[PDB]
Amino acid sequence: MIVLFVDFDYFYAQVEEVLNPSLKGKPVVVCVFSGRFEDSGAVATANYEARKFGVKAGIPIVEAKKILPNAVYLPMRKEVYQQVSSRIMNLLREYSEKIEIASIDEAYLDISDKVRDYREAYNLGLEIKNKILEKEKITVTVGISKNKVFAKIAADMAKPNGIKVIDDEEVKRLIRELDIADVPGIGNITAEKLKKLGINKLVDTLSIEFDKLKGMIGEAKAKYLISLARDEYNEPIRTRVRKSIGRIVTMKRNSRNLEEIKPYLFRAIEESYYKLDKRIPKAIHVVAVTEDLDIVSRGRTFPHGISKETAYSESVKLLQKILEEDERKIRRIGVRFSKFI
């Protein structure tokens, strides 16, 4: 099959440039402020002008400002980004009915029935890029290959504002020369476990005892990597349906006082119920981040949908359970809804 993956470039920061054109060419840093003190929080994303200097996703705002004190720092406006995203995703549906929106700035299109070979696929990619740029003024990077994993890898290799095809021969080459830590789904934790087994390339996963691999990184990831190594990886492009929606918020001051936490929890519940919109959850989990950054949760599943009134009384019961089964103080508190009707 032929897969065409679209990845919006430094998306949040690019949208802010689209809304304020004079920002282009200047380092722009979109931040997620937490409210614990002046500039507390981290960078959500930065444009390349900022990344060039080390200011990137994940570094503390305070740190970023030490590197680029005169950069433009903007608060994250997720709603705006989500609406621009939605409009771009609609443009993409016009190129294939088989589309998988993987996130706010990523989507896979199965274009097998639209093009005959990679040359045509490439031309369709330029067409898609021109279209998005024309309608929304947003640049994207297109990756094209035989399956979702290599289509994503192609985009990783070509971003920003690029387009790349990874034909069958290059797939075989990558299976031998690509750093396994660069394979989608393999984060830091897994990359290190793999490194401790002397595995640095997909190909390496074949010449090892399966139970040794499975025992180290889990059965699912082991089978996943081996299938990629056997060039036998296959996963169809399917419509994504979110399976859980929730919100967890950092508090003013750590605590284990029920009456003092209710407000924050109820806040997360109202914001969660807003995002649900029509979706009716049968399950609820209360999640707490401890003073020392540990994450603990308690949940419950009901035989029917959970009205917000039910969510309110039940969340307290679940938070009480955590408070009781854990001596530590809570830093962050939130709720998570799932098992939608």
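Rigid core here is just the name for the largest C-alpha set that superposes within 1.5 Å across the two forms. In case it trips you up, residue 1 is the first one in the sequence shown, and so on.
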Once the rigid core is matched, which of the two stretches, 252-260 or 120-128, lies farther off on average in 8 other deposited structures of this protein by C-alpha?
252-260
Core-aligned Cα RMS comparison in 8 other deposited structures of this protein - stretch that moves more, 208-216 or 85-93:
208-216
Going by the B-factors listed in the PDB entry, is the mean over the C-alpha atoms higher for 85-93 or for 230-238?
230-238
Between 14-22 and 315-323, name whichever shows the higher mean Cα B factor according to the PDB entry.
315-323
Would you mind checking which of 74, 258, 220, 102 has the top Cα temperature factor in the PDB entry?
258
Residue 156: which third of its chain by C-alpha temperature factor?
lowest
Once the chain's modelled residues are ordered by C-alpha B factor and cut into thirds, is residue 118 in the lowest, middle or highest one?
middle
Hey, what third does residue 29 fall into on Cα B-factor, ranked over its chain?
lowest
Entry-reported C-alpha B-factor of residue 197 relative to its chain, by third, is highest
Going by the recorded CA B-factors, say which third of the chain residue 54 sits in, lowest, middle or highest.
lowest
